[PDB]
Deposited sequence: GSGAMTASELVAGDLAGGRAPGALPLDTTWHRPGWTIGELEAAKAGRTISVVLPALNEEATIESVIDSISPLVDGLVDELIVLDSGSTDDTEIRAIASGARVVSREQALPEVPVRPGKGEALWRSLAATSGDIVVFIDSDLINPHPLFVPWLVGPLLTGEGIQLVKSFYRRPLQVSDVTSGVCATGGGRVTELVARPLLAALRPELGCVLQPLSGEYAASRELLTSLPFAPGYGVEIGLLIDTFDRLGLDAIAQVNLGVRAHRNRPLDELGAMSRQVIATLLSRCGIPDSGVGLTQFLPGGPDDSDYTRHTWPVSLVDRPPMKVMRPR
């Protein structure tokens, strides 16, 4: 039911670029304190700039390490959350960074790549844009790869329960994906870590499976977070997914008991609206 490219696409950078046909391509790297990895990621993509890729920015989501200076030193344009859209006060979380990035880019096609990847392949961007460039009706491309605890324990089983039509999607939460600006500026953006699952469900509801493709990127490595930070992420994924399914979420943050101690993590039920309204 779902256009899946199972092996390495056969296209080439010169073919894909020809297929642009006046369309532009922006790449956004969201980054929060990724000084150890930001440079390797930027370098994997910057050789494409002024060719297949027209624009690369790092959206610096409030880093307090050396993320920004190392990104500048790799030749990337770095855009803070405030600069992307300064009339609107900044909220925390990943979804805010990606939503704002629409105002700081102008490509007809937008590619998101996480900045915490350990040594990413230089064809990620070409592999993701393939179906948007050479297909018909594809508006969103998700990646899969490779062990993804939230994906396999939370998102895929809840999708099977509540949107089983998306059961064929191998990595619904994947941070590497591309989509048309027309789609992205028409969809709301869930806060925090809810943004990927929200975009997938909203895209499906509006365009169906035929507008979605997925592409094998082989294997990917990244910062494996401790279980407690995953708990808050799972809570936000659940909150965003239930809302899309018409189920009322309590809005109560996850509490954890670490001779134990207690901490309550934030959860948000507030989406950003389609960036179109900002026109």
Compared with the full deposited sequence, the modelled chain skips 1-24, 171-186, 299-305, 327-328
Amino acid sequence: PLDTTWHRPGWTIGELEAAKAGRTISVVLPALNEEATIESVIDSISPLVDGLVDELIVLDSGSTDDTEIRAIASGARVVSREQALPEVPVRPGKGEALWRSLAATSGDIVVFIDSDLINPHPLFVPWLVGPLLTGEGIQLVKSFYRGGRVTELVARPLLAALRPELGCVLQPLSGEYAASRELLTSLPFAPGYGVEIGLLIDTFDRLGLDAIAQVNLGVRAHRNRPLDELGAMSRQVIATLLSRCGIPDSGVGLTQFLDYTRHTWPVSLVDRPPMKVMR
From here on, numbers count along this sequence of modelled residues.
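Take the two forms, superpose them, and find the largest set of C-alpha atoms that agree within 1.5 Å; that set is the rigid core.
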Of the two stretches 6-14 and 261-269, CA positions deviate more in 8 other deposited structures of this protein after rigid core alignment for 6-14
The stretch whose C-alpha atoms carry the larger average B-factor in the entry, 64-72 or 218-226, is 218-226
Avg C-alpha B-factor, entry values, 115-123 vs 128-136, higher side is 128-136
Assert third(CA B-factor, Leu2) within chain per record equals highest
So, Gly167's CA B-factor, relative to its chain, sits in which third? The highest
Split the chain's modelled residues into thirds by Cα B-factor; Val252 lands in the middle
Temperature factor at the Cα of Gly147, chain-ranked in thirds, falls in the highest
Entry-reported C-alpha B-factor of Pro47 relative to its chain, by third, is middle
